[PDB]
Amino acid sequence: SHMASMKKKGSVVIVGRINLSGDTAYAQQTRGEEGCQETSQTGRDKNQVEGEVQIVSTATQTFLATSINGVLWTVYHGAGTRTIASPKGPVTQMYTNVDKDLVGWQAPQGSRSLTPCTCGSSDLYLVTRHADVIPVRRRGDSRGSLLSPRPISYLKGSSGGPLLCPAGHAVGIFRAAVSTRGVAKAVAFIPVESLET
Ligand SMILES: COc1ccc2nc(C)c(O[C@@H]3C[C@H]4C(=O)N[C@]5(C(=O)NS(=O)(=O)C6(C)CC6)C[C@H]5/C=C\CCCCC[C@H](NC(=O)OCC5(C)CC5)C(=O)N4C3)nc2c1
Ligand SMILES: [Zn+2]
């Protein structure tokens, strides 16, 4: 039967984290490929969640998610409308705004949120899925220029990750990147002013 064969789309799965609790940033994997695919279909994730920045994956893409104001935020172009796997089953999004490329689930038990920056700083720091901390000069409300342009491959898969001020508050989450001949020159981010329900 056609309708009996209609499958359901998988959940987003936390597969790691970017640890920013010490003086080095470093990436941690908490789930391998097979475990990720299984957890995506069931939506049941019993792993203990920690930290502010999570590495997340669907069946087909991997990116980042950042907890701010008690909500785990990420980009719509990565997560779509998908639920997220949790200890008590799949969890539906708290917030969905395709016009901001922004979605949110209630933050996991055991996670912590970053503080929204109120500094009005223009010296920003983008955290990548590889735990690189990339200086960025803020341009206006939602853009920034890389101080040292790198290859665009260095940024791929880091959408949903945080841009932080010098003191470590959250200024926004990484949304898109602008390149010129394959070198990343600037980024766009969702201002933290929007990461609140
Ligand atoms: C379908 O429903 C929606 C709704 C709203 C929405 N809004 C977007 C802005 C958007 O854009 C697409 C995804 C995005 C990223 O790639 N985002 C990351 C990233 O890494 N994603 S990812 O790898 O994690 C992934 C795909 C999740 C798994 C962070 C960059 C890093 C490298 C970019 C690679 C080349 C791409 C250059 C491109 N540039 C740009 O569009 O600039 C525009 C501007 C600012 C005006 C000039 C770009 O950034 N994107 C393409 N799709 C949508 C889709
Ligand atoms: Zn600040």
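In each ligand, atom 1 is the first atom listed, and ligand 1 is the first ligand listed. One-based numbering along the sequence shown.
- Per-residue contacts place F63 under 4.0 angstrom from the following atoms of ligand 1 (heavy atoms of the residue considered): 24 (O), 27 (C), 28 (C).
- Residue contacts with ligand 1: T62 is included, with a non-hydrogen atom under 4.0 Å away.
- Checked against the Zn ion (ligand 2), the N, O or S atom of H169 at the shortest distance is ND1.
- Those atoms of ligand 1 with a heavy atom of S158 less than 4.0 angstrom away are 20 (O), 24 (O).
- A side-chain donor from one of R139 and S145 sits under 3.5 Å from a side-chain acceptor of the other.
- Remark: at the Zn ion (ligand 2), atom SG from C165 and atom SG from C117 enclose 110°, rounded to the nearest 10 degrees.
- Side-chain polar atoms of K100 and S194 form a donor-acceptor pair below 3.5 angstrom.
- Salt bridge annotation for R137-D123: present, with a cationic side-chain nitrogen under 4.0 angstrom from a carboxylate oxygen.
- For ligand 1, the polar-atom distance check against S159 finds a nitrogen or oxygen pair separated by under 3.5 Å.
- Residue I152 holds the heavy atom nearest to atom 32 (C) of ligand 1 of all those in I152, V98, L102.
- Side chain to side chain, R17 and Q54 fail the donor-acceptor criterion of an N or O pair below 3.5 Å.
- Taking a cut-off of under 4.0 Å to the non-hydrogen atoms of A188, the atoms of ligand 1 that pass are 45 (C).
- Below 4.0 Å from some heavy atom of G78 lie the following atoms of ligand 1, by number and element: 27 (C).
- A donor atom on one side chain and an acceptor atom on the other are found under 3.5 Å apart for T83 and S11.
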Practice problem: Walk me through it: do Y95 and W73 pass the test ring-ring contact (aromatic ring centres under 6.0 Å, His included)? | Solution: CA-CA 9 Å; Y95 176 113; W73 305 96; 5.2 Å; yes
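- Side chains of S67 and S113: a donor on one and an acceptor on the other come within 3.5 Å.
- Taking all heavy atoms of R175, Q61, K100 into account, the minimum distance to atom 17 (N) of ligand 1 is reached by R175.
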Practice problem: Could you give me the CA-CA distance, side-chain angles and deciding distance for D45 and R31, then say whether salt bridge (charged side-chain N to carboxylate O under 4.0 Å, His left out) is met? | Solution: CA-CA 10 Å; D45 181 8; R31 223 182 251 287; 2.7 Å; yes
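- Taking every non-hydrogen atom of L155 and a distance limit under 4.0 Å, the qualifying atoms of ligand 1 come out as 20 (O), 31 (C).
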